[PDB]
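1. the data below comprise the sequence and an experimental structure of the protein.
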Amino acid sequence: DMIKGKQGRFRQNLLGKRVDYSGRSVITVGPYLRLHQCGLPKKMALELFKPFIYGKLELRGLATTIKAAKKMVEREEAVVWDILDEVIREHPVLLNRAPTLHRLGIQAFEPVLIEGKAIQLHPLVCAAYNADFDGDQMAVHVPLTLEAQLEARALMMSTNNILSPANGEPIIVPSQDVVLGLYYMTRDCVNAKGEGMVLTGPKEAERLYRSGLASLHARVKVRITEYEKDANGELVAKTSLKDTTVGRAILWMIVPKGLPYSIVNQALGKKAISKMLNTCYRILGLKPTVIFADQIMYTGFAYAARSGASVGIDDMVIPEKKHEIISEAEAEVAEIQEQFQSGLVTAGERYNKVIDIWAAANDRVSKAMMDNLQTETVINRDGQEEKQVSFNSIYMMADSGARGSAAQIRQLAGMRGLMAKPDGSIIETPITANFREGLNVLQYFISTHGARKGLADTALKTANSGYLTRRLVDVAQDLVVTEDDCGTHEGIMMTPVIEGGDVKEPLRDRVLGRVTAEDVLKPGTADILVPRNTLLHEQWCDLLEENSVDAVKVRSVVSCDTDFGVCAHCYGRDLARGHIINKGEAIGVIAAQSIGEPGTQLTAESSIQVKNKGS
Amino acid sequence: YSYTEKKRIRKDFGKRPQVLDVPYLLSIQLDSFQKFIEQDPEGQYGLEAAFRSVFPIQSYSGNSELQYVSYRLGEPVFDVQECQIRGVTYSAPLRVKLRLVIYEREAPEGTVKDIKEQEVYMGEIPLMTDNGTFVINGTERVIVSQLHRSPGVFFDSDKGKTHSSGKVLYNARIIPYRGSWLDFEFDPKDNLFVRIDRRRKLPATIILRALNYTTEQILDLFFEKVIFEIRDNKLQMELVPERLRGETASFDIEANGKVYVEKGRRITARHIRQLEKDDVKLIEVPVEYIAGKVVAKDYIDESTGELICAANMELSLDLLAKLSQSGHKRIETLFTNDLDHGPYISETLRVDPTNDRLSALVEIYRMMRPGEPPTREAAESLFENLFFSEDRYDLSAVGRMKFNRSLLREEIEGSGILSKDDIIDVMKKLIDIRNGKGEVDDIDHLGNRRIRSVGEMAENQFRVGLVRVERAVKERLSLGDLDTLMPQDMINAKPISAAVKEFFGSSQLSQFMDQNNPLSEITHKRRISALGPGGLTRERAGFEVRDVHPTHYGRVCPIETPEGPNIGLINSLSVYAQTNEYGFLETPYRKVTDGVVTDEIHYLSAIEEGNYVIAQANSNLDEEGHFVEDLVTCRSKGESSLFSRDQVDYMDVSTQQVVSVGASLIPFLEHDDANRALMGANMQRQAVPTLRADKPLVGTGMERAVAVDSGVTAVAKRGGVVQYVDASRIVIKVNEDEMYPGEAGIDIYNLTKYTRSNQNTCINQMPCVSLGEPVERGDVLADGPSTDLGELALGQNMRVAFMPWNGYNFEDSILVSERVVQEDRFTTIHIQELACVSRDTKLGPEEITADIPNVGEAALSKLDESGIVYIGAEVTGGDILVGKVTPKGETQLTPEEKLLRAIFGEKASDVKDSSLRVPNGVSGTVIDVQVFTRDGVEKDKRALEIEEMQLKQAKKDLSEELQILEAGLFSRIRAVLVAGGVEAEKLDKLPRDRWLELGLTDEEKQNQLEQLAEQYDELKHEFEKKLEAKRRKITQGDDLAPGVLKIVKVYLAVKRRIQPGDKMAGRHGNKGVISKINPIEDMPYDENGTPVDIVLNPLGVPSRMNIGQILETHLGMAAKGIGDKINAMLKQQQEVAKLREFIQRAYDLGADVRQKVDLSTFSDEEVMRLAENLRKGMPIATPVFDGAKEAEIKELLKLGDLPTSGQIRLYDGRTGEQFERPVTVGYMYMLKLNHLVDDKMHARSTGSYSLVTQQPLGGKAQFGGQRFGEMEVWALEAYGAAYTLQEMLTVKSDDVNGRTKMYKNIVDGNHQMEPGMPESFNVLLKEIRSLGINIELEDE
DNA sequence: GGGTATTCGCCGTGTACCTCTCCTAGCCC
RNA sequence: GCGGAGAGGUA
DNA sequence: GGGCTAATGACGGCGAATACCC
Ligand SMILES: Nc1ccn([C@@H]2O[C@H](COP(=O)(O)CP(=O)(O)OP(=O)(O)O)[C@@H](O)[C@H]2O)c(=O)n1
Ligand SMILES: [Mg+2]
Ligand SMILES: [Zn+2]
């Protein structure tokens, strides 16, 4: 029993030790931080770095012997804090959040001494940690030796990990306040103060907005100079007059040189911001992406605060035609039930009919509510009127992707759809009331069942996940990239999985970053498109898009010839960094973690119908 | 209204009239334990039942009987408060009257000797407090009710997972309260098997065999016979037409001259009707049809005697021929309809190896006790005691009720023991359901789940103690001599008291009171746990079990349950629900007389609720119990729909009856998603009492019920007038009405000031009332922790604004204004207890003296001469909390050193210090100290001060009571002295003590003076003995554990102010960590200049669909706006008229409300007082589902002269610029949860390491490092981070030489390392090597 | 006897953290 | 006063 | 205090050990 089992041994004491120079505390926002830093309380920092403090104190001669250094730390005089600031300067610390699902659960930051007893965590990284500021706690470790320090600052630092190891996409995308602020900033309005005045650049746009001579969102013609690295790494300024909002100009100030203006020109929601970061990374590189992300955070937070977005009871508009829809559906259900009592339709058929009519009524009310709420601002220009995408705060919260989905908007202002009883069967009468209105005992009770089942599901789901990810990381741990190229010709012919109606997942993403097994030819022989094994980066993928390659044979890890590990080429590039895999990397564990961590949100055919006109 | 209500009335929304008032919320615990003690004649529920169940204890056929008369509960020696103070269990001695009777074996039964024992003592039983808790070692424990499967019979399905080919295999389980379990199950091959409680599966018929039934008797009892007559030739059958339902025809069915069904065509309904109307009984049938049937009885050859065919043997032509030649005219076959009626008992009989009764009992014995050779009488006794022994097998009154109801028997009252008819009926129902004429039961039905409260569980544990002591006494009465011993050497109290204290202290259901909030206590006491003894384990339990069943309606709260791993297994009980007589759950309903909704309420259980169509409470009734709508919304079989007016049997009592108290406290519950309501209630139960609790601006009205019913308030028992008010006691002079005629006196309520609660929070009571105010029975004198004037004030209500403020409220985090810390409104007092124990070692007893070796006089400075800190001294981590000395022995000092010791004064006895020190990093003021000495220990100085402090108070209290009674007696003596010669000049001016020595003319009056003098003497002597008793209790050594000389406890009190990192919450499930303290100027402010207190993130609303906080904020802004207006109108003191008019227009506010506040009472003072209390904002009461609709909030906002939309324009306190799009501001009632960052925060550089595996300790109490778990290891491996992981694995934790070398290297200002091999790995090698496994580290 | 079912029994069931009580026992000298 | 049970709670 | 002695409310998966069916 001592050896076997979780609590006993190997798991507990030989893979699960308990390090020194470590602490724990509650996490807090700290917006002012740089992406590569973290707010650390003074007292924990002193406690952690105690021996460093003693060493530095003795080097400076402030203390004769080690015991005098200890006494000086226990009094905590100004000299001690000065030495702590000096030693902390470049020393990075490791931040960890209790469920380290994937490798981004541990990251290194440079600490900044602060008051208080809570650890301050940079907002952008919360998504990586799955951190929320509602009592989540984090642990903080100190790398001691020089190799450990270099490893923490190089491999684990927040700024070096912007791309998820699972898929190539960015992890640090702005989450909710940032995206709300940016959304507010970029959306335009038909008529405001300063309609249609011409600005020489973003700087006077800011002059106008901060002085209250122009609205934060108002359509305007601005002269802008964008930069494009079209040549071999040189930036060429193109300068012209664009029709934009004040807000879009204000945002443009941050954007680094290489990016096209178009990027900011749109509504700038969650997706738009994410793809903005994506393009910034693909074109410029790491450091500009980091600084640009920090700038995005700051501007988003600032202008979200300036926006003053709130949520009042009237912000969620009951659709005017709800009561009619409900009374109509009730009359229809009454007619179908009476026409059942006479016995022209079975019980199951009546059930199906009622459920379908109720679903249709739910969709009707939802669509009516979305029409009411979506484009209701009928504000007037100089003369006649016009209509536009409303500025209803809950609607902006929905559309921006900051919080909430269409479903929850429905759940607030419409009828909250159908429910499932314990056994999975669907109750005949739905919940017609919404949270803006008040439910009554039955409708509440039903939704209570729903939420209870949900919670229990998440609990058991988490346990099962944990177990699955443990097996995965366990099985694939020893696999390492040992050789540069094994030199095999084998490979798998990879195609895009077109399940039925359309292309669920395209080729380009499926092949990006894989080396080819053999040269593929144009639709005409002796027209080599890709030399023997080449890493298929974005440029090759676009080139394939220009042609009409359908299926590509790529070298896969499973067919790799190398003994006792894998070779760089058979694997490919994909990483938190962009380049071909480096020899030595433990790909087994990264693969297992990437497959395991996301696993916590996992729960007729008569005629064929061609979707697009083709042969 | 009542007086405390007239003080401050709460504006109550809510349209429907409350017919039933909320019951006493703690009814469960008190009523159950009352039922437990309950001296009652007829043995019903109650200790009495246990005694009569276990007693009379008869010898092993020795003819020496033991009889029980009655028991008595001794008066507790220690009251509740003092018992908590002194750290002992609050309990009552239990005394039982017994008789030993010794008879004569050789003569007709006749009592030779009977001796009655003088109420023998059989141990101590803990008592329950007035509030429903238990003091077990000076800690308040609560025994949570337990939900568990009720005794009875249950028919389950267990389908889906049976060989994945369908084959739904049914089972009947008989579960008793006390006794072994019975189980009948099927098998893939439709053979019905029995499995005693949890063993292997035997053929069921063996139990039928054990019951003394012969095979023919069984086949009689179960199968429907079919008769085959032979008349003059060939086999004619008696046929019941209706039996043919659904059967392909196997022969040609001719009747009465006409073929009806051709051979081969399946019998159609037309043919069935034909045959039925024709009245066909007998038809001759071809032998092929019978060529397949089975024989019922064991037909022997009656003539010669040789058996031919046995019972339940398949028939073949040759056997039919033998039967026909033997002369058997009447054949009884079985009816095996492969569709409906199967051959189940037949096939079980075929697999059943046992034949005789004896073989069945042998097989049973080999099942119960495998391996020991069974002897006949052993098996007989085993089987008898299994199901039919009164003592071992008892179902219950409840078990029997459920059993008979399940099998459709009119008789409710049965015998405890399992009778044979019971088993046969159970098997009949099982095979019936197997045919398909019945439904399976669902375990999750509250009609199948029974609640065991405190008294019941205590009774079970006490019975267990009795069975222990009975076996013991049995042996002692058998072996030992009969007539020598008296009835107290024979009976041992040790097992009873052991079992009881084990249950109360160390049990799963006996748990700590969650005692930091009044709500926490009250909700903890009313809890229903599915865990505990005979309960499912939380990890094992499936998700389907933990869901909320429609039966829970109005019985258990659907929304209040811990969201941790045991979600769904806790289920706090709803408001109005009760326990049945049989321990089920029932909820009140209003009767419906066909048209009128009457006012008599009937409590219905789950099953009774199932049958009827029940109308909802929020149904519109006009003036005569008539429904306004023609078709109303009801529920009938667990599904809601519309029913007609003249169909509803009952109607819900009130909207609140669905939810628990915790959930009932949340306002606007109707607008919160169930998830966030759940989390809100669970969190709301964690709030810590602040310094001055005030009130919720937006409540539900339940606050007074919760506060009163919890024991935290001080409530008047006999109404009167407040005579004396102090911040420790309230003394009231009783009203003459309630005044007892004989020996009444006055009522005195001693309050409790800062003491330590289970969670280390402060429990302090403040007086509400003032001198000379009249109080009635049931008013709130003193406010407990976090309650105000009778109302529940869990947290405090502050002005919040929903907006994002430069991402400082980014996630669920919360921003707070420096005004909040300035106004000192989130500062809580906590209280740690520390104990220093001086035991007696064999090298010598340790000492508490202040003379402590090699400590500087700095450490002693704050210690008195006795060695205990002064009360009120401020201490810090590392300061010496109390002084203790460790004895040293075998010193063997050199002779010159001994001479040096004499002059210097050095003590060989000491040289080591065991002094307790304040824990590292905790700093507060010592508010109280207690000292407990055992027998033979001298009282220390501290002991003298504490004894005098308690004594002088006690003296004062006795003196006050005595002085009032003496003044009364003297007044009466003056009233007699005035008769018989008036003397008023001399008398009133001379002292009162000069009234006994005066005289009067010899008459009856002198006789009355002698009477009153002797009464005076009697009062003095009673006073003196009561005083002596109190003084004996104060002085006595407070009994310590064996080996401990004395104990000194020290209480520190610490004022914790809110700071960044602490957790704060609302009532609706919104959470957050306080992220930054902003200066007052930076915080947003409205045009008027008032700054907001909290700036709350809006993005928590849309995805976390708790809209109740928004309406709460709006209504709270409305209430505080009105309150502000009334404060403004009051500061200028216009005139009473204006105030009364305004307050009345506010209290009325529309119509259809059940409020009715006249304001007529006390035209001037009480109205002015009530305005004084509402000036801070008028408290509202929105009930949970019968709440305030938006229009009403709009009206209330308008009455205050505030924007009707509930949003205001705000100016940025930092920049001064306006925010676009006005933002919601208003007052919301927020709570500070017990998760305080300073408790959570922790760091270590180096410290103590663990014993076996030399890794650093885990924890916060001891320094302790964080756990770098396997997931973190994997994280590091995903990177190429080899050196970091290496140091983390060896240098940071496990390598001893490595860690010290690294410390030295770091100190030297160099950063390298020397990893070595972890010590835990070496421990691993040693542990594996300890097995027979050689594991060596090789080298080459 | 040899292959196929069936019972049978063992093995597993997420991380990190924070409070409290309770800890060898019974009988005899 | 290193440990381990039981109970509760946090994310 | 000290001295002496020593029951019942998981579930799935898998592989080995009989039960039995030709
Ligand atoms: N039994 C449990 C329950 C919770 N957790 C942890 O609490 C978090 C759940 O986030 P979550 O996604 O469930 C809620 P949140 O992240 O705040 O977003 P939302 O409120 O807008 O929906 C995860 O980090 C879990 O590891 C756990 O380890 N075990
Ligand atoms: Mg969180
Ligand atoms: Zn390869």
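-> Good, I have the coordinates. Residues are numbered from 1 along each chain as shown, chains lettered A, B, ... in the order given. Ligands and ions are numbered 1, 2, ... in the order given.
2. C-alpha only now, for contacts and for neighbours.
-> Fine.
3. check the gap between residue A:36 and DNA strand E for me.
-> Applying CA to the nearest atom of the strand, to the nearest Å, the value for residue A:36 to DNA strand E is 44 Å.
4. so what's that residue up against?
-> Going by CA atoms under 8 Å, 6 or more residues apart in numbering or on different chains, residue A:36 touches A:108-110, A:157-159.
5. redo that, cut-off 10 Å
-> For residue A:36, the contact set (CA atoms under 10 Å, 6 or more residues apart in numbering or on different chains) comprises A:92, A:107-111, A:122, A:125, A:153, A:157-160, A:290, A:294.
6. ok, those residues vs ligand 3, which is closest?
-> For these, the residue nearest ligand 3 by CA to the ion is residue A:160; the value is 27.4 Å.
7. please name the bridge partners of residue A:420.
-> Counting by DSSP bridges, residue A:420 forms beta bridges with residue A:426.
8. residues near it, how many?
-> Residue A:420 has 14 neighbours, counted by other CA atoms under 10 Å in any protein chain shown.
9. so it sits against residue A:431, correct?
-> No. Contact criterion CA atoms under 10 Å: residue A:420 and residue A:431 do not qualify, at 11.6 Å.
10. who touches both of those two?
-> Residues within reach of residue A:420 and of residue A:431 at once, by CA under 10 Å, 6+ apart, are A:446-447.
11. before we move on, back to that, now, the contacts of residue A:36 that are in helices?
-> Residues of the contacts of residue A:36 located in helices (DSSP state H): A:290, A:294.
12. what does chain B put close to DNA strand E?
-> Residues of chain B found near DNA strand E (CA under 7 Å from any atom of the strand) are B:147-149, B:161, B:178-181, B:197-199, B:368, B:443-444, B:449, B:530, B:533-537, B:540-542, B:545, B:842, B:1042-1043.
13. which among the residues you listed are in contact with ligand 3?
-> With CA under 5 Å from the ion as the criterion, the residues of chain B next to DNA strand E include none near ligand 3.
14. which of those residues are buried?
-> Applying 16 or more other CA atoms under 10 Å in any protein chain shown to the residues of chain B next to DNA strand E, the neighbour count classes B:147-149, B:179-181, B:197, B:444, B:449, B:530 as buried.
15. now, which of those residues sits nearest RNA strand D?
-> residue B:530 (8.8 Å; CA to the nearest atom of the strand).
16. got a list of what that closest one touches?
-> Residue B:530 touches B:145-149, B:449-451, B:509, B:536-538, B:546, B:566, B:568-571, counting by CA under 10 Å, 6+ apart.
17. repeat that for residue B:948.
-> B:942, B:954, B:1034-1035.
18. restricted to strands, list the residues of chain B next to DNA strand E.
-> Among the residues of chain B next to DNA strand E, the members found in strands (DSSP state E) are B:147-149, B:449.
19. make TSV from these and add distance to chain A to it.
-> Output for these, formatted as TSV (distance: CA to the nearest CA, whole Å):
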residue	distance to chain A
B:147	19
B:148	20
B:149	20
B:449	18
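20. could the residues you listed go into JSON lines alongside distance to ligand 2?
-> Shown next, in JSON lines, are these (distance: CA to the ion, whole Å):
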{"residue": "B:147", "distance to ligand 2": "32"}
{"residue": "B:148", "distance to ligand 2": "34"}
{"residue": "B:149", "distance to ligand 2": "37"}
{"residue": "B:449", "distance to ligand 2": "36"}
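21. identify the farthest-apart pair in the residues you listed.
-> Spatial extent of those (CA to CA) is set by the pair B:147 and B:149 at 7.1 Å.
22. what touches both of those two?
-> Shared contacts of residue B:147 and residue B:149, defined by CA under 10 Å, 6+ apart, comprise B:446, B:449-451, B:530, B:534-535.
23. so what's the closest residue to residue A:257 other than its chain neighbours bridging to?
-> Among residues not flanking residue A:257 along the chain, residue A:227 sits closest, at 5.1 Å (CA to CA, 6 or more residues apart in numbering or on different chains). Assessed by DSSP bridges, residue A:227 has beta-bridge partners residue A:237.
24. what's residue A:227 in contact with, if anything?
-> A:234-239, A:256-261.
25. give me that answer again for 7 Å
-> A:235-238, A:257-259 (CA atoms under 7 Å, 6 or more residues apart in numbering or on different chains).
26. check the spacing between it and residue A:296 real quick.
-> Using CA to CA, to the nearest Å, residue A:227 is found at 19 Å from residue A:296.
27. cool, and residue A:32?
-> Residue A:32 sits 12 Å away from residue A:296, going by CA to CA.
28. same question, residue B:1080
-> In terms of CA to CA, residue B:1080 sits 29 Å off from residue A:296.
29. of those two, who's got more company?
-> residue A:296 (24 against 19).
30. mind listing what's buried along the one helix or strand that one maps to?
-> Element membership of residue A:296 [criterion: DSSP states H and E] is helix A:286-307. Within helix A:286-307, the residues that count as buried by 16+ other CA under 10 Å are A:286, A:288-307.
31. same deal with stretch A:341-354?
-> Neighbour counts using 16+ other CA under 10 Å place A:350-351, A:353-354 of stretch A:341-354 among the buried residues.
32. what's the neighbour count on whatever residue of the stretch 501-615 of chain A ends up closest to ligand 2?
-> Of all residues in the stretch 501-615 of chain A, residue A:600 sits closest to ligand 2, at 15.7 Å by CA to the ion. When counting by other CA under 10 Å, one arrives at 16 neighbours for residue A:600.
33. distance check, it against ligand 3.
-> If you measure residue A:600 against ligand 3 using CA to the ion, to the nearest Å, the figure is 33 Å.
34. and what of residue B:567?
-> 50 Å.
35. follow-up on the earlier one: and chain B, which of the buried residues of stretch A:341-354 contact it?
-> Contacts with chain B are made by none of the buried residues of stretch A:341-354, judged by CA under 7 Å from any CA of the partner chain.
36. tell me which entries of these lie within helices.
-> Per DSSP H, the subset of the buried residues of stretch A:341-354 in helices is A:350-351, A:353-354.
37. contacts only, for the residue of the stretch 351-500 of chain B found nearest ligand 2.
-> Among the residues of the stretch 351-500 of chain B, residue B:444 lies closest to ligand 2, at 32.5 Å counting by CA to the ion. In this structure, residue B:444 makes contact with B:545, B:549, judged by CA under 7 Å, 6+ apart.
38. isn't there a strand covering residue A:96?
-> Yes. Under DSSP: H, G, I helix; E, B strand; the rest coil, residue A:96 falls within a strand.
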